[PDB]
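Okay, so here's just one chain, in structure tokens, the form deposited in one PDB entry.
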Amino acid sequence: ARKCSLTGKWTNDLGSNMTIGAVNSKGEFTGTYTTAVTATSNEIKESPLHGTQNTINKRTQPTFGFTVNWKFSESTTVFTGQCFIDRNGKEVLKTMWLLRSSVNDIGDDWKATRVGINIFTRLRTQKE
């Protein structure tokens, strides 16, 4: 991956991992997300994500977003961040997410959306 391609494997401050396949000339990509965390009474399932990374001004440190479609859940998480190359040539994904729960009724909407951050750095795509 070119410095800051989202392509490859990544881990975050929560221990969550994600895999992002090749990014086409449209900035689009899909991948999978394995969350290390849930408030779920359900088996965590590696879940597909789908996104785009920015390709306006073809910036070395592009911003991006993607949706993760939980397999084990009725919710969705969207993440948006920027890929930064730090002082040591190390790629850092700085992200924020909205985690959308499925609420019963439009009147429960006010409580459906959680927010937070994640910081992702690169994992070896090659195992021992």
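Whichever C-alpha set is largest while still superposing within 1.5 Å between the two forms counts as the rigid core. So that there is no doubt, residue numbering starts at 1 and follows the sequence shown.
Another form exists, deposited in another entry; not displayed. Remarks below refer to it.
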query: Following superposition of the rigid core, which of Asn69, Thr40, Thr60, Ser102 is the only residue with a C-alpha displacement of 2 Å or more between this form and the one not shown?
result: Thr40
query: How does the C-alpha distance between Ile119 and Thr40 change in the other entry compared with the present structure, closer or farther, given a change of 3 angstroms or more?
result: closer
- line: Checking the C-alpha spacing of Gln61 and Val37, a student should find that in the other entry it changes by 3 angstroms or more, with the atoms farther
